[PDB]
């Protein structure tokens, strides 16, 4: 492309929405390449992650853990204005696994409190990708403190299955999975700290055991269950984007399946089909497409069941509709 051409492309600002929801977008690109603008303010803040009042000094892109999903199409440019308020105490930056060059952008976006920066990159590869903060020397600490999210770079013509047939979803959810490593005192009680840096030494010791104290979705145990369960209806097509910036996970829609799963998260890699449990390595995002056939409650979990039911990696889906006795039926209900 020429220099003037890039400068002449339309610029479009988008209003982000907090996970698990996703901002307005079209599956098939509308018009030619655009420079899609996003702005995110970094917020260091204490959040409670379990039912025992356990605290973590989160480092949250846009104030949420995970950071929000940004959606663009292949060959659009993503132009992000990143802000680090003077009220914060640490330097931060951002690495887009979707980008090319300067460590994904980390080398060009190091901002101290009181500073901002604007990074632009061409989304040349289609798929869902992880993005995360990565200050040299303290990379895992920022990432396991919740400073990561994902973006989706849709093919300009939308999604397709391995045979080239269109796959159009009715709704999309973004489930960011987070491994936390919270220090405990000799009595086994989780410790609280006045400032983020105060917990650094204690936190790294726990990180080295490679064993998280919590593994959660949307920043807390149960954040996506109960009255916050995701929803769908029989017949509805749903895309579930899942990311884990630091550790492996194995998603499974209990009661359902992954009809088409881009396990590696890259759309040019044909999707696996009829999946029970898929695998997303730490440092990546993946996406699963499913058409609901049965109403009721479903569980969506990291299928190491200890991580899901003891550590927190479990969400729910409430589905409306009519039951299908052909697919499943209780011939004889539990009885003496």
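Positions refer to the first chain, counted from 1.
(request) Identify the stretch, either 291 to 299 or 278 to 286, whose C-alpha atoms have the larger mean B-factor according to the entry. (result) Here the higher of the two C-alpha B-factor means belongs to 291 to 299.
(request) Could you check which stretch, 56 to 64 or 26 to 34, carries the larger mean CA temperature factor in the entry? (result) 26 to 34 has the higher mean C-alpha B-factor.
(message) Quiz for you: based on the deposited Cα B-factor, which of 251, 158, 135, 183 is highest?
(response) Within the set 251, 158, 135, 183, 158 shows the top C-alpha B-factor.
(request) Among 265, 212, 107, 162, single out the one with the highest C-alpha B factor in the record, please. (result) So the option with the highest C-alpha B-factor is 162.
(message) Could you place residue 191 in the lowest, middle or highest third of its chain by Cα temperature factor, using the values in the record?
(response) Its C-alpha B-factor belongs to the highest third of this chain's values.
(message) What third of the chain does residue 86 rank in for C-alpha temperature factor, lowest, middle or highest?
(response) Answer is highest: the recorded C-alpha B-factor places it there.
(request) Using the B-factor values recorded in the entry, state whether the Cα atom of residue 167 falls in the lowest, middle or highest third among the modelled residues of its chain. (result) Highest third of the chain for residue 167's C-alpha B-factor.
(request) Could you tell me which third, lowest, middle or highest, the C-alpha B-factor of residue 259 occupies within its chain? (result) Middle third of the chain for residue 259's C-alpha B-factor.
(message) Please place residue 123 in the lowest, middle or highest third of its chain according to the CA B-factor in the PDB entry.
(response) According to the entry, residue 123 has a C-alpha B-factor in the chain's middle third.
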